[PDB]
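Single chain ahead, written as structure tokens, the form deposited in one PDB entry.
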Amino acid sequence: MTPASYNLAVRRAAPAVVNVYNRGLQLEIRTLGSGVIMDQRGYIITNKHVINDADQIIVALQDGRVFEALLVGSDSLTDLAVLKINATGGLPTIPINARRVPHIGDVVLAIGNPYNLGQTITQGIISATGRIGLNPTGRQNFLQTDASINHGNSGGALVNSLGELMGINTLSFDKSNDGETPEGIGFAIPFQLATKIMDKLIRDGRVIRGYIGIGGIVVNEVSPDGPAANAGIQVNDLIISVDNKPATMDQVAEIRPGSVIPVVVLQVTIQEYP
């Protein structure tokens, strides 16, 4: 027989997972992390928490090359950041299958640089999808996995047995309150969302979201309100059609500022989410 192995996925994807170093003024390493080479142009996704307050960001490929990288953009909400390196002899890129839909139970491999020991691969499965993550009241779409994720894995890749990118490993449940240590609970930003964020970053330098004038279906805040909610809308009440579309959270941010949008229960201009 032949030994059971996910070496295929490793050979296909690991080469594109790089080690990220956030150095800060002499220049000293402030934090380690990982990153994924998305395409030949040299664009790399990583966690914003990894490259924050970096005086100089360095990327090191598994093939030995090392580059200084350009921070094209970052997003707090998604904790995503996009880097750029200018290679010339070709770059290894992460396999991406946009038609593939991750399923709970799919086998996955976490690829990163844990504690700077060097690139390591860990395997688990997709434990859940559509998870708000480590902290509620500020939901998101997270992928949950039990593939061992440690400090250093952030910004790295989560791939299936074919080497296809499933997500970008972000943080991990380190300790539930002041009591014990959770085991096998890690999160990753879904590749589909990371791709949509990367493109926005490459194009604008940041994510331009469409904000209007409400916070906290019904409409009412458990704390004060804002200005922009004075273009032609009531106080606290539900709504239906917004910009020739029946009821909506992700669509208002998807609209770019400057534009005027009609509402009901009749026009407002889109401001940028502060």
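Heads up, when I say rigid core I mean the largest set of C-alphas that superpose within 1.5 Å between the two forms. Each residue number is its position in the shown sequence, starting from 1.
- Where coordinates are absent for parts of the deposited sequence, a chain break appears; between neighbours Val265 and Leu266 it spans 4 to 9 residues.
- The deposited sequence places 4 to 9 unmodelled residues between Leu25 and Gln26.
- Higher average CA B factor: 219-227, of the stretches 46-54 and 219-227.
- The stretch 70-78 shows the higher mean C-alpha B-factor when 70-78 is compared against 150-158 in the entry.
- Comparing the C-alpha B-factors of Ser34, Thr31, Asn244, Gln62 in the entry, the top value falls on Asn244.
- Of the candidates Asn141, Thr145, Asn135, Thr122, it is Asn135 whose Cα B-factor is highest according to the PDB record.
- Annotation for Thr269: CA B-factor lies in the highest third of the chain's modelled residues.
- Among all modelled residues in its chain, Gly90 ranks in the middle third by Cα B-factor.
- Placement of the Cα temperature factor of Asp204 within the chain: middle third of the modelled residues, per the deposited record.
- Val20 sits in the middle third of its chain by CA B factor, as recorded in the PDB entry.
- Sorting the modelled residues of the chain by their CA temperature factor places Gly186 in the lowest third.
Another form, the form deposited in another entry, is not on view; read the next lines as being about it.
- In a core superposition between the shown form and the other one, the Cα of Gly138 is the only one among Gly118, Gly138, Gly130, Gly105 shifting by 2 Å or more.
- Remark: with the core as the superposition reference, the CA shift of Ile233 between the shown form and the other one reaches 2 Å or more.
- Relative to the superposed core, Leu61 undergoes a C-alpha shift smaller than 2 Å between the shown form and the other one.
- In a rigid-core overlay of the protein, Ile255 has its C-alpha displaced by at least 2 Å between the shown form and the other one.
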